[PDB]
C-alpha cells in the first residue's frame, strides 16, 4: 500500500537469509533479486498492455507473452517493441513469474535464474555485469544444491506476492531506497546520506531551477546513487535531469545502476563511471561542468597527494595539496572544478575539520574564500549519520559571486530524538532552507559574515566563531 509497507515486505522476504548469514552477505541477493523481479514484472505488464490484453495478473501476462512469442507472425515484432521500450527481452521461461511457477510446480532449477540474469546482462552494455555480486551456489545458501535451491526458492515465493511494477509506481523506488538505507545501518568509509540531509542539499542545488529541462547533476562519490536520485522529487522536470556519477567500489557501482533503473531514470540520462575520483579526473569529454554538484565523500579517507597533482587543474590553483591523511578537501576541489560558473550550485557534506584545520588545509580554505567559493556553511546536528555520531557540515559552493561573504547557519539543534539516532524533520529542513534563502542574521541561528570578518578570523570557518 505504501513505500513503507512495501519496504517492510521486501525486507521480510529475506528472512530465510537472515538465518544463515548477516546483512552484508544477503544484501546482494535481496537487492539484486528485487531488481530482477522489477525488470521481469515491468516487461510482462508492458507486453500485455501493448498487445491490448491488459491484466494485472502476471501469470496471465506471462500467458499472453508466450502466445505472441510462439506465433511466427508476431514473435520478432514483439521482441522489437520490448527492446525499443527497455533495451532488453527475457525468454518467457526465464521470467520471474515463470520461475516462481516452476518453484510451485516443484521443478525450479537454480541455473534458470542464473540464465535469466545472463539474458539481461547480455541484452545491452547498460546491464552488463549487473548480477555479478550474486552467487547462487554459495555454501551460505546451504551445503547441498537441494538446500541452495530451497533457500533461493523461499525468497522468490515471499517476493512473488509483492507488487513492484504497474502500481507501486514511484513507491517501489522509495521502498528500494529504504532497503538500501537499512543495509547501510551495518564500516567507516562512504556513508549513506540521510534523506532529510539529502533533501536539504538537493533543494538548494535546484533552487530557482526546478523547471529547468536538461538540468545536469554530478556526484563524484555517488555510492548507491541515493543522493543523486533525490533530484527525481525536487525537480519538476525529473525525466530530463541528466545524471553524472562516479563510484570506486564496483559492487556499490552496480547497486547504483540498479537504483537508477528502479527510479525510472531514462537510459539516455545516465552517465555512471566506475573509477577512483581522485586519481584520474572524470569526465574529461565535454560537458565537464554541471548545473549541480551533490557530494558526500568517503569518511576519513586518505589519498595519494602525489606531488604530481600540483599540475592538476583541480588542485594547482589552491597553493598546497590536501594532506595525504585528509582527502576531504581533495574531494571538494574536485567537485568544485566540475561546477558550472554560470549559476552552478554545489552542496557537499563533510566533517567540521576542513573549516578549522590549519597548514595545507588552511591554505586551501583561504584560497577558496578569496574567490568567494564558499557561499554557505551549515552545521548539522550530531549523531544523524548511521556510521559516525559526529556533527557534520553541509558546505554550499558557487563560482563568480560578486559578494565574497559567507553565510553561517548553526542547525546543530534542529532535530528530534530517535531510535539511537537524531532525526531531522521537514520542519527542521524548512527552517534551514528559509534561512539560506534570506542570508539574514537570525538570533542564535544564522550569521552573514563579511569578507573582512572572515579575514579577522584568519580564514578559520569554525561555526562557533560566527554564530552565537
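Residue numbers count along the first chain shown, from 1.
Participant: Unmodelled residues of the deposited sequence between residue 186 and residue 187: none, 1 to 3, 4 to 9, or 10 or more?
Facilitator: The entry has a short gap there, with 1 to 3 residues left out between residue 186 and residue 187.
Participant: Tell me which stretch, 402-410 or 62-70, has the higher mean Cα B-factor listed in the entry.
Facilitator: Higher of the two, by average CA B-factor, is 62-70.
Participant: Please compare 336-344 with 300-308 and name the stretch with the higher mean C-alpha B-factor in the deposited structure.
Facilitator: Mean B over CA atoms: larger for 300-308.
Participant: Quick one: which of 236, 352, 147, 365 shows the highest Cα temperature factor in the PDB entry?
Facilitator: Answer for 236, 352, 147, 365: 147, with the highest C-alpha B-factor.
Participant: Based on what the PDB entry reports, which of 315, 176, 290, 137 has the top C-alpha B-factor?
Facilitator: Highest CA B-factor of the listed options: 137.
Participant: Sort the modelled residues of this chain by their C-alpha B factor and say whether residue 40 lands in the lowest, middle or highest third.
Facilitator: Answer is lowest: the recorded C-alpha B-factor places it there.
Participant: Which third of the chain holds residue 326 when residues are ordered by C-alpha B factor: lowest, middle or highest?
Facilitator: Its C-alpha B-factor belongs to the highest third of this chain's values.
Participant: When the modelled residues of the chain are sorted by Cα temperature factor, does residue 77 land in the lowest, middle or highest third?
Facilitator: Answer is middle: the recorded C-alpha B-factor places it there.
Participant: Lowest, middle or highest third: which one holds residue 108 when the chain's residues are ordered by CA B-factor from the entry?
Facilitator: According to the entry, residue 108 has a C-alpha B-factor in the chain's highest third.
Participant: Give the position of residue 386 by CA B-factor within its chain, expressed as the lowest, middle or highest third.
Facilitator: Highest third of the chain for residue 386's C-alpha B-factor.
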